[PDB]
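Enquirer: Here you go, one structure.
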Protein chains: 2
Amino acid sequence: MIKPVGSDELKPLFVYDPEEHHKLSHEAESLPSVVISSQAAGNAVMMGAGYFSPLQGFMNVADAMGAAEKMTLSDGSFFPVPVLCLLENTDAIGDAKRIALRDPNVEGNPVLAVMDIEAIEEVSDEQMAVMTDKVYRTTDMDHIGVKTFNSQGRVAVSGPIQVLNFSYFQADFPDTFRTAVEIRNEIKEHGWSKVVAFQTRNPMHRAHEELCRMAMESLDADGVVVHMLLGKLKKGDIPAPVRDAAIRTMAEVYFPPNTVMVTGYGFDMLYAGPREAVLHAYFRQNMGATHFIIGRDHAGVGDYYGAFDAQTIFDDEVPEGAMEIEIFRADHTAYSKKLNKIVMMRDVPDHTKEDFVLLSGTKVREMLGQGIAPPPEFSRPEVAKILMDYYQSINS
Amino acid sequence: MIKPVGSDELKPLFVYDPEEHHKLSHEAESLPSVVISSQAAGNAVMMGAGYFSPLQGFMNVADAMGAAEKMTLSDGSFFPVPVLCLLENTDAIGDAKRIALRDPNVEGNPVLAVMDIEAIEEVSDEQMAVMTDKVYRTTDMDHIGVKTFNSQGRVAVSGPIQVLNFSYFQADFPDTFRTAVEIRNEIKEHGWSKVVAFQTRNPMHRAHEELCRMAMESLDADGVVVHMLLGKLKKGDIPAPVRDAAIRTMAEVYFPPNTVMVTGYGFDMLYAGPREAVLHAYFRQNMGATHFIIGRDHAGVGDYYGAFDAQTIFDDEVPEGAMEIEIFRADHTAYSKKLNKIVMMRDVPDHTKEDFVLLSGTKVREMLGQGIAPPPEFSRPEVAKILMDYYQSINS
Ligand SMILES: [Br-]
Ligand SMILES: [Br-]
Ligand SMILES: [Br-]
Ligand SMILES: [Br-]
Ligand SMILES: [Br-]
Ligand SMILES: [Br-]
Ligand SMILES: [Br-]
Ligand SMILES: [Br-]
Ligand SMILES: [Br-]
Ligand SMILES: [Br-]
Ligand SMILES: [Br-]
Ligand SMILES: [Br-]
Ligand SMILES: [Br-]
Ligand SMILES: [Br-]
Ligand SMILES: [Br-]
Ligand SMILES: [Br-]
């Protein structure tokens, strides 16, 4: 199968041996502890699940600066963004060098990981500014990711960690959450070799369903892994049970036998656009995908990034040979009146404007919300049923 | 796909809606609570995961007696064994009717479920005796399952429950544990229709590998679900990481593409032989299997059960039309010298004794433990490597 990034085998930090796991959980409860930031917690879950292989724990400032400035760590390995554990201070742990990291996102603040501290460093303004500007391509505090990065304090605690659980990401979504280790196992169980990954948080209307099918056909891929970013419900969001059902129904009814897996992972989105797209490729390679779809304004927010910047970063900023996964560059889809099917407009240079009909995901959901079925070119009835059954229970 | 037992859709008791899940977890921490038995905890996990669908919670004595005497509940539905929550007393909860059930198997005794108590009953000796004799077919306290059943107290607390997590079964085995809901989803993702399930706790040597392949061929099944019983490590047991690796390697190297899923579930084994075999068929139907393998002395212990009693119970004790799943009746395998392959001896009535070569799973493991490779007819090198690499790390 495709190799992991930077090693031959994945190096997850979750304690898979049950005896050692119980031992550590027991020791952890007696250790000095600190509640880390939601960002640091998601970083730990990704390392515990194998997504950030082969990282062994939280980076010191030299490695974080290297990831930010050159996507290169102090050992010369490739990694695209800093993976830090920033705190306001170290009051909570004083001089202890072995501590428990507690989860800010689960009531009671349970232990999430055990850490051996190798250094405690104060990040300077200059350094924080380089890490912010290089990753987010702006230092504007109105960019939510920039604000989040800069609202955790300046004390960087670095060293190796062992992870005890996958926070609320597995607890709340037991059927969807997967480690990179298990997605590789499932890809093999399916007998797939080339596999294209697609990230989504929204239910998939026909447009993204067709994008996945087009990419699978043009790449001659054996299957698609829909890899949902799992997280806390925000105002206006569609509840996961509904979103999950909508995507599973699309897979079950419209995809050929043995071509789609529906899964999820836990991390806090950076909204960093291009650099986050490189991170997305990195952990999709670790989970076993040979190809990853990146469309317009991938992982973006606001007006900070150019439409195709998250594709071109792979041509002009990612070091040569960094990864083995390939990018499938997507673009807007539409119904072609000439071909009577959904296409990416860029793939049919002979068409005219009047030859296409477009309906955005946003407009589709707006109609669904009013109990109106969009045209079949844009909405599958079985999927629409699920979403309208939901919307009518709250919009009536 | 095959329907669930007793309903058209599964009715798991896990709280899948995250908002309601957080609400209940929060309420639970303020409720009067009690640490239930390991048996009651496993019963709750099975109900939370959909395996015991459509049960809505713990049975009262009338339903438990009906399951024991006639595999039939007070509403006429089929269920083969009592699903009780027995306590020594109700001191811990007094007169509260809404309580939290805490887990005896996770340090700290975290909340596992919330329960609305509908009745509290004292089970009489006569009733305990009928439930023991009918399920275990012995009242001998030297039968470990009989002892366990009779060592939880006599106060039966009944009523509906909502389940908050899957105990240590998911926490310790995040990649293997599955709910019945997700195994159905994965079976569909694989595009399988007929599916044969096989339970094991031991790594699978060539004998059981070949049994699964024979059953898949004779049933024209699309795939096999290896469904491991997950649990705490006991003296002499092979650690799960090793066992899991041995089985995944067998699947990856020796099974055809897209024909095997490796999964697990959490429950405490009853060692009830025949009646437990009926329970195994019940929850395998709920997870989506159309066929379940039952070999000699399935789920037995000691000398309590006849070799094929766990097969014949389906002919003479299980009510007509109870379930839709079918049983694949297995028997001893051996290498046939005449056919130069592994066969079930019962399938080739023309052979003589000298025509077979047998090597038990126990003898295979004994050799592996000494660093000796059994013959290829009994041991796959890649699987043996995994097990010998393990044994040499502890037997040298
Ligand atoms: Br690996
Ligand atoms: Br944060
Ligand atoms: Br889920
Ligand atoms: Br290939
Ligand atoms: Br997304
Ligand atoms: Br949600
Ligand atoms: Br796009
Ligand atoms: Br839709
Ligand atoms: Br169902
Ligand atoms: Br027990
Ligand atoms: Br696991
Ligand atoms: Br069929
Ligand atoms: Br077993
Ligand atoms: Br173990
Ligand atoms: Br057998
Ligand atoms: Br073996």
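Ligands are numbered from 1 in the order shown, chains are lettered A, B, ... in the order of the structure tokens, and residues start at 1 in each chain.
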Find the residues near stretch 44-53 of chain A: any atom within 6 Å, counting only C-alpha atoms, skip ones fewer than 4 places away on the same chain, and give them as a ChimeraX atom specification.
Expert: /A:10-14,163,166,179-180,283,286
Enquirer: Those same residues, written as a short mmCIF file (atom, residue, chain, number, x, y, z; two decimals), in the first residue's frame with C-alpha atoms?
Expert:
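out28.cif, written as the output of this step:
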```cif
data_model
loop_
_atom_site.label_atom_id
_atom_site.label_comp_id
_atom_site.auth_asym_id
_atom_site.auth_seq_id
_atom_site.Cartn_x
_atom_site.Cartn_y
_atom_site.Cartn_z
CA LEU A 10 3.09 4.21 11.03
CA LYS A 11 4.16 5.26 14.54
CA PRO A 12 0.89 6.12 16.36
CA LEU A 13 1.21 7.35 19.92
CA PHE A 14 -1.95 5.65 21.26
CA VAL A 163 -1.95 9.05 24.16
CA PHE A 166 -9.23 9.95 21.29
CA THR A 179 -7.39 6.16 13.34
CA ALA A 180 -5.06 6.27 10.31
CA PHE A 283 -2.29 12.78 6.90
CA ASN A 286 -0.65 8.26 6.39
#
```
Enquirer: Give me, as an NGL selection string, the residues of stretch 293-340 of chain B that a backbone DSSP run labels helix (DSSP H, G or I).
Expert: :B and (309-316)
Enquirer: Stretch 387-391 of chain A: which residues within 12 Å, counting only C-alpha atoms, same-chain residues fewer than 6 positions away excluded, as number ranges by chain?
Expert: A: 202-205, 236-247, 249-250, 364-374, 379-381
Enquirer: Would you mind exporting the chosen residues as a compact mmCIF listing (two decimals), in the first residue's frame, restricted to C-alpha atoms?
Expert:
```txt
# COMPACT_ATOMS: atom_id res chain seq x y z
CA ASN A 202 -21.36 19.13 4.98
CA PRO A 203 -23.63 16.32 3.72
CA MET A 204 -22.72 15.63 0.08
CA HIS A 205 -25.15 16.82 -2.56
CA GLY A 236 -26.64 26.35 12.15
CA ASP A 237 -24.78 23.04 11.71
CA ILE A 238 -26.58 19.90 10.69
CA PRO A 239 -26.30 17.29 13.51
CA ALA A 240 -23.83 14.44 12.75
CA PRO A 241 -26.43 11.67 12.85
CA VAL A 242 -28.24 13.43 9.97
CA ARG A 243 -25.08 14.35 8.11
CA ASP A 244 -23.76 10.81 8.51
CA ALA A 245 -26.99 9.34 7.28
CA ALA A 246 -27.10 11.62 4.26
CA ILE A 247 -23.59 10.61 3.21
CA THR A 249 -27.29 6.91 1.86
CA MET A 250 -25.55 8.62 -1.05
CA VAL A 364 -29.41 23.56 -2.49
CA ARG A 365 -29.50 23.59 1.32
CA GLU A 366 -31.56 26.79 1.32
CA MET A 367 -34.19 25.08 -0.84
CA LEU A 368 -34.11 21.90 1.21
CA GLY A 369 -34.66 24.04 4.30
CA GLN A 370 -37.91 25.32 2.76
CA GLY A 371 -39.07 21.77 1.97
CA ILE A 372 -38.38 22.27 -1.73
CA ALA A 373 -36.71 19.49 -3.74
CA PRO A 374 -33.93 20.79 -5.99
CA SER A 379 -30.14 16.61 -5.41
CA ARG A 380 -30.63 12.88 -4.98
CA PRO A 381 -34.14 12.23 -3.62
```
Enquirer: With the cut-off set at 6 Å and counting only C-alpha atoms, tabulate each residue of chain B with an atom at most that distance from an atom of chain A, showing the nearest atom pair and its distance in Å to one decimal, ordered by chain and increasing number, as CSV.
Expert:
```
residue,atom,partner,partner_atom,distance
B:18,CA,A:172,CA,5.7
B:172,CA,A:18,CA,5.7
B:175,CA,A:182,CA,5.5
B:182,CA,A:175,CA,5.5
B:189,CA,A:258,CA,5.7
B:190,CA,A:258,CA,4.5
B:191,CA,A:257,CA,4.5
B:257,CA,A:191,CA,4.5
B:258,CA,A:190,CA,4.5
```
Enquirer: So which bits of stretch 61-256 of chain A end up strand (DSSP E or B) when you DSSP the backbone, as a ChimeraX atom specification?
Expert: /A:72,78,86-87,98-102,111-116,119-122,155-163,177,195-200,223-230
Enquirer: Could you write out that same residue set with C-alpha atoms as a tab-separated table (two decimals), in the first residue's frame?
Expert:
```tsv
chain	number	residue	atom	x	y	z
A	72	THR	CA	11.26	21.12	7.40
A	78	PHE	CA	9.07	17.12	6.16
A	86	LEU	CA	1.33	26.30	24.13
A	87	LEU	CA	0.33	27.31	27.67
A	98	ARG	CA	6.47	14.01	33.71
A	99	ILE	CA	2.91	15.28	33.56
A	100	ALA	CA	-0.60	14.41	32.49
A	101	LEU	CA	-2.24	16.54	29.78
A	102	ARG	CA	-5.98	16.99	30.43
A	111	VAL	CA	-6.44	12.84	31.16
A	112	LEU	CA	-5.80	12.66	27.36
A	113	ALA	CA	-2.07	11.92	27.33
A	114	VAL	CA	1.10	11.56	29.45
A	115	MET	CA	4.09	13.67	28.57
A	116	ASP	CA	7.81	13.67	29.35
A	119	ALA	CA	12.06	21.65	27.18
A	120	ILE	CA	9.95	24.63	28.20
A	121	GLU	CA	10.50	27.67	26.00
A	122	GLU	CA	9.09	31.17	25.76
A	155	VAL	CA	5.01	28.93	26.75
A	156	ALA	CA	5.89	26.02	24.45
A	157	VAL	CA	6.17	22.67	26.31
A	158	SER	CA	7.92	20.04	24.12
A	159	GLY	CA	8.68	16.37	24.44
A	160	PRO	CA	7.29	12.88	23.62
A	161	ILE	CA	3.72	11.87	24.60
A	162	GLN	CA	1.73	8.68	24.95
A	163	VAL	CA	-1.95	9.05	24.16
A	177	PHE	CA	-14.09	8.03	13.95
A	195	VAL	CA	-7.63	5.21	-3.20
A	196	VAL	CA	-8.81	8.82	-3.47
A	197	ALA	CA	-9.71	10.72	-0.28
A	198	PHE	CA	-12.26	13.51	0.00
A	199	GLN	CA	-12.80	15.72	2.98
A	200	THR	CA	-16.20	17.14	3.88
A	223	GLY	CA	-12.31	3.35	-3.97
A	224	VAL	CA	-13.05	6.66	-2.26
A	225	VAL	CA	-12.58	7.33	1.43
A	226	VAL	CA	-14.94	10.12	2.55
A	227	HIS	CA	-13.00	11.44	5.55
A	228	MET	CA	-15.16	13.80	7.58
A	229	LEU	CA	-13.69	16.36	9.98
A	230	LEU	CA	-15.55	15.58	13.27
```
Enquirer: Could you please determine the separation between atom CA of residue B:310 and atom CA of residue B:295 in Å, to one decimal place?
Expert: 8.0 Å
Enquirer: What's around residue A:314 at 12 Å? Count only C-alpha atoms, leave out sequence neighbours fewer than 4 positions away in its own chain, and write the answer as a list in words.
Expert: residues 71, 80, 274, 275, 276, 277, 278, 279, 281, 282, 294, 308, 309, 310, 318, 319, 320, 321, 322, 323, 325, 326, 327, 328 and 329 of chain A
Enquirer: Restricted to N, CA and C atoms, what would the selected residues look like written as an mmCIF file, in the first residue's frame?
Expert:
```
data_model
loop_
_atom_site.group_PDB
_atom_site.id
_atom_site.type_symbol
_atom_site.label_atom_id
_atom_site.label_comp_id
_atom_site.auth_asym_id
_atom_site.auth_seq_id
_atom_site.Cartn_x
_atom_site.Cartn_y
_atom_site.Cartn_z
ATOM 1 N N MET A 71 8.741 24.066 6.033
ATOM 2 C CA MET A 71 8.058 22.753 6.121
ATOM 3 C C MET A 71 9.118 21.692 6.403
ATOM 4 N N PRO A 80 4.503 20.118 7.505
ATOM 5 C CA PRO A 80 4.039 21.454 7.131
ATOM 6 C C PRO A 80 3.554 22.521 8.042
ATOM 7 N N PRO A 274 -4.028 27.162 1.846
ATOM 8 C CA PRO A 274 -2.929 26.397 1.248
ATOM 9 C C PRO A 274 -2.079 25.552 2.180
ATOM 10 N N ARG A 275 -1.521 26.123 3.262
ATOM 11 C CA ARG A 275 -0.673 25.260 4.127
ATOM 12 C C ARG A 275 -1.500 24.162 4.782
ATOM 13 N N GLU A 276 -2.782 24.425 5.074
ATOM 14 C CA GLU A 276 -3.608 23.385 5.690
ATOM 15 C C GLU A 276 -3.876 22.305 4.646
ATOM 16 N N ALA A 277 -4.017 22.720 3.383
ATOM 17 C CA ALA A 277 -4.200 21.718 2.321
ATOM 18 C C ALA A 277 -2.978 20.750 2.258
ATOM 19 N N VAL A 278 -1.783 21.276 2.486
ATOM 20 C CA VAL A 278 -0.582 20.414 2.474
ATOM 21 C C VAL A 278 -0.671 19.464 3.683
ATOM 22 N N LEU A 279 -1.076 19.989 4.839
ATOM 23 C CA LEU A 279 -1.255 19.113 6.013
ATOM 24 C C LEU A 279 -2.302 18.022 5.710
ATOM 25 N N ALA A 281 -2.989 16.678 2.853
ATOM 26 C CA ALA A 281 -2.387 15.640 2.006
ATOM 27 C C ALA A 281 -1.508 14.731 2.867
ATOM 28 N N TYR A 282 -0.710 15.345 3.745
ATOM 29 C CA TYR A 282 0.172 14.572 4.621
ATOM 30 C C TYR A 282 -0.588 13.476 5.387
ATOM 31 N N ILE A 294 -8.415 18.355 -3.946
ATOM 32 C CA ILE A 294 -8.318 19.733 -3.457
ATOM 33 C C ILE A 294 -9.010 20.602 -4.522
ATOM 34 N N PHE A 308 -7.138 29.045 -6.430
ATOM 35 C CA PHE A 308 -6.349 27.845 -6.646
ATOM 36 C C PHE A 308 -5.018 27.789 -5.884
ATOM 37 N N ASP A 309 -4.824 28.691 -4.915
ATOM 38 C CA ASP A 309 -3.583 28.739 -4.153
ATOM 39 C C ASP A 309 -3.325 27.457 -3.383
ATOM 40 N N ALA A 310 -4.391 26.790 -2.954
ATOM 41 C CA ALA A 310 -4.187 25.535 -2.197
ATOM 42 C C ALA A 310 -3.761 24.395 -3.156
ATOM 43 N N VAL A 318 5.970 23.451 -1.593
ATOM 44 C CA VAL A 318 6.214 22.141 -0.956
ATOM 45 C C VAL A 318 7.544 21.628 -1.496
ATOM 46 N N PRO A 319 8.479 21.229 -0.608
ATOM 47 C CA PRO A 319 9.790 20.724 -1.052
ATOM 48 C C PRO A 319 9.637 19.540 -1.988
ATOM 49 N N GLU A 320 10.524 19.463 -2.964
ATOM 50 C CA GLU A 320 10.491 18.352 -3.894
ATOM 51 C C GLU A 320 10.634 17.026 -3.137
ATOM 52 N N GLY A 321 9.820 16.047 -3.534
ATOM 53 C CA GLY A 321 9.810 14.714 -2.952
ATOM 54 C C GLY A 321 9.303 14.593 -1.504
ATOM 55 N N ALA A 322 8.585 15.600 -1.047
ATOM 56 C CA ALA A 322 8.128 15.568 0.346
ATOM 57 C C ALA A 322 7.225 14.397 0.662
ATOM 58 N N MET A 323 6.335 14.135 -0.280
ATOM 59 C CA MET A 323 5.319 13.086 -0.095
ATOM 60 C C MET A 323 5.121 12.262 -1.345
ATOM 61 N N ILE A 325 1.824 10.875 -1.898
ATOM 62 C CA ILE A 325 0.433 11.090 -2.315
ATOM 63 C C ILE A 325 0.373 12.163 -3.411
ATOM 64 N N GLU A 326 -0.595 12.009 -4.306
ATOM 65 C CA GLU A 326 -0.782 12.957 -5.407
ATOM 66 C C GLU A 326 -2.068 13.724 -5.183
ATOM 67 N N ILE A 327 -2.100 14.943 -5.730
ATOM 68 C CA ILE A 327 -3.295 15.753 -5.607
ATOM 69 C C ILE A 327 -4.174 15.687 -6.852
ATOM 70 N N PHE A 328 -5.482 15.561 -6.635
ATOM 71 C CA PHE A 328 -6.449 15.614 -7.729
ATOM 72 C C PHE A 328 -7.014 17.021 -7.616
ATOM 73 N N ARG A 329 -6.734 17.842 -8.636
ATOM 74 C CA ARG A 329 -7.138 19.242 -8.608
ATOM 75 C C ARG A 329 -8.531 19.395 -9.135
#
```
Enquirer: Report the closest atom pair, with its distance in Å rounded to one decimal, for each residue of chain A that has an atom no farther than 8 Å from ligand 4; count only C-alpha atoms and all ligand atoms, sort by chain and then rising residue number, and write it as CSV.
Expert:
```
residue,atom,partner,partner_atom_place_in_ligand_line,distance
A:192,CA,ligand 4,1 (Br),8.0
A:193,CA,ligand 4,1 (Br),4.9
A:194,CA,ligand 4,1 (Br),5.4
A:221,CA,ligand 4,1 (Br),7.8
```
Enquirer: Could you write out that same residue set with N, CA and C atoms as an mmCIF file, in the first residue's frame?
Expert:
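Output below, filename out24.cif:
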```cif
data_model
loop_
_atom_site.group_PDB
_atom_site.id
_atom_site.type_symbol
_atom_site.label_atom_id
_atom_site.label_comp_id
_atom_site.auth_asym_id
_atom_site.auth_seq_id
_atom_site.Cartn_x
_atom_site.Cartn_y
_atom_site.Cartn_z
ATOM 1 N N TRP A 192 -8.450 -2.653 -1.958
ATOM 2 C CA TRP A 192 -8.131 -1.481 -2.799
ATOM 3 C C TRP A 192 -6.641 -1.167 -2.804
ATOM 4 N N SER A 193 -6.166 -0.629 -3.928
ATOM 5 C CA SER A 193 -4.765 -0.209 -4.071
ATOM 6 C C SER A 193 -4.782 1.316 -4.194
ATOM 7 N N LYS A 194 -5.195 1.836 -5.336
ATOM 8 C CA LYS A 194 -5.316 3.293 -5.464
ATOM 9 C C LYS A 194 -6.602 3.744 -4.801
ATOM 10 N N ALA A 221 -9.108 4.810 -9.711
ATOM 11 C CA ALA A 221 -8.980 4.447 -8.285
ATOM 12 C C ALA A 221 -9.939 3.309 -7.970
#
```
Enquirer: So how far away is atom CA of residue A:214 from atom CA of residue A:356, in Å?
Expert: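 Answer for the atom CA of residue A:356 to atom CA of residue A:214 separation: 17.4 Å.
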Enquirer: For a test of reading the model, state the distance in Å between atom CA of residue A:81 and atom CA of residue A:43, rounded to one decimal.
Expert: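 Computing it gives 10.9 Å between the two atoms.
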Enquirer: Would you list the contacts of residue B:346 as a ChimeraX atom specification, taking every protein, DNA or RNA residue within 8 Å and counting only C-alpha atoms, but skipping same-chain residues closer than 3 positions in sequence?
Expert: /B:331-332,349
Enquirer: Excluding residue B:268 and residues on its chain fewer than 5 positions from it, collect all residues at most 8 Å away from it, counting only C-alpha atoms, and give them as a VMD selection string.
Expert: chain B and resid 38 to 39 42 231
Enquirer: Next, the residues of the selection above should be written as a CSV table (one decimal), in the first residue's frame with C-alpha atoms.
Expert:
```
chain,number,residue,atom,x,y,z
B,38,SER,CA,-19.3,-7.0,35.1
B,39,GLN,CA,-22.2,-9.2,33.6
B,42,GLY,CA,-21.4,-6.3,29.3
B,231,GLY,CA,-12.0,-8.8,27.0
```
Enquirer: So which one's closest to ligand 5, A:9, A:126, A:297, A:210? Using only C-alpha atoms and all ligand atoms, please.
Expert: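 With only C-alpha atoms and all ligand atoms as the atom set, the closest residue is A:297.
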Enquirer: Could you tell me, counting only C-alpha atoms and all ligand atoms, which protein and nucleic acid residues lie no more than 12 Å from ligand 2, written as a ChimeraX atom specification?
Expert: /A:35-43,84-88,103-105,144-153,267-270
Enquirer: For the residues selected in the previous step, produce a file with C-alpha atoms as a PDB file, in the first residue's frame.
Expert:
```
ATOM      1  CA  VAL A  35      -5.547  21.405  30.848  1.00  0.00           C
ATOM      2  CA  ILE A  36      -4.154  22.052  27.404  1.00  0.00           C
ATOM      3  CA  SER A  37      -5.664  24.140  24.587  1.00  0.00           C
ATOM      4  CA  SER A  38      -8.224  22.668  22.237  1.00  0.00           C
ATOM      5  CA  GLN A  39      -5.569  23.019  19.483  1.00  0.00           C
ATOM      6  CA  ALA A  40      -2.961  21.056  21.495  1.00  0.00           C
ATOM      7  CA  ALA A  41      -5.597  18.407  22.298  1.00  0.00           C
ATOM      8  CA  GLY A  42      -6.478  17.913  18.599  1.00  0.00           C
ATOM      9  CA  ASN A  43      -2.717  17.768  17.855  1.00  0.00           C
ATOM     10  CA  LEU A  84       2.773  22.800  19.597  1.00  0.00           C
ATOM     11  CA  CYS A  85       1.522  22.600  23.120  1.00  0.00           C
ATOM     12  CA  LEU A  86       1.333  26.303  24.130  1.00  0.00           C
ATOM     13  CA  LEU A  87       0.330  27.313  27.670  1.00  0.00           C
ATOM     14  CA  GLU A  88      -0.140  30.698  29.400  1.00  0.00           C
ATOM     15  CA  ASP A 103      -8.687  17.482  27.830  1.00  0.00           C
ATOM     16  CA  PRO A 104     -10.413  20.892  27.614  1.00  0.00           C
ATOM     17  CA  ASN A 105     -13.237  19.415  25.539  1.00  0.00           C
ATOM     18  CA  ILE A 144     -10.213  32.968  13.212  1.00  0.00           C
ATOM     19  CA  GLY A 145      -7.306  30.546  12.866  1.00  0.00           C
ATOM     20  CA  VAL A 146      -4.745  33.293  13.391  1.00  0.00           C
ATOM     21  CA  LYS A 147      -6.660  34.397  16.525  1.00  0.00           C
ATOM     22  CA  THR A 148      -6.878  30.852  17.850  1.00  0.00           C
ATOM     23  CA  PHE A 149      -3.146  30.219  17.288  1.00  0.00           C
ATOM     24  CA  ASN A 150      -2.293  33.444  19.095  1.00  0.00           C
ATOM     25  CA  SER A 151      -4.671  32.943  22.049  1.00  0.00           C
ATOM     26  CA  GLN A 152      -3.043  29.988  23.805  1.00  0.00           C
ATOM     27  CA  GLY A 153      -0.157  31.670  25.577  1.00  0.00           C
ATOM     28  CA  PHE A 267      -8.657  17.827  14.763  1.00  0.00           C
ATOM     29  CA  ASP A 268      -9.446  21.543  15.039  1.00  0.00           C
ATOM     30  CA  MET A 269      -9.492  23.148  11.585  1.00  0.00           C
ATOM     31  CA  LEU A 270      -6.798  25.828  11.139  1.00  0.00           C
TER      32      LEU A 270
END
```
Enquirer: Would you please work out which residue, of A:169, A:138, A:284, A:57, is nearest to ligand 6 when using only C-alpha atoms and all ligand atoms?
Expert: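 Using only C-alpha atoms and all ligand atoms, ligand 6 sits closest to A:169.
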Enquirer: Using only C-alpha atoms and all ligand atoms, which of B:300, B:395, B:385, B:315 sits nearest ligand 13?
Expert: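 Smallest distance to ligand 13 is found for B:300.
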Enquirer: Just want the 7 Å neighbourhood of stretch 128-133 of chain B, counted on only C-alpha atoms, with same-chain residues fewer than 6 positions away dropped. Output as a list in words.
Expert: residues 65, 68, 139 and 146 of chain B
Enquirer: Write a file of the selected residues as a PDB file, in the first residue's frame, keeping N, CA and C atoms.
Expert:
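Heads up, here's the output in result-v2.pdb:
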```pdb
ATOM      1  N   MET B  65     -37.421 -14.975  33.233  1.00  0.00           N
ATOM      2  CA  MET B  65     -37.892 -16.343  33.329  1.00  0.00           C
ATOM      3  C   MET B  65     -38.399 -16.858  31.982  1.00  0.00           C
ATOM      4  N   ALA B  68     -35.428 -17.675  29.843  1.00  0.00           N
ATOM      5  CA  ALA B  68     -34.836 -18.919  30.297  1.00  0.00           C
ATOM      6  C   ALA B  68     -35.690 -20.142  29.962  1.00  0.00           C
ATOM      7  N   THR B 139     -26.535 -26.883  37.349  1.00  0.00           N
ATOM      8  CA  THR B 139     -26.592 -25.932  38.439  1.00  0.00           C
ATOM      9  C   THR B 139     -25.289 -26.072  39.243  1.00  0.00           C
ATOM     10  N   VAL B 146     -22.056 -20.517  35.668  1.00  0.00           N
ATOM     11  CA  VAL B 146     -23.094 -20.711  36.691  1.00  0.00           C
ATOM     12  C   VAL B 146     -22.690 -19.903  37.952  1.00  0.00           C
TER      13      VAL B 146
END
```
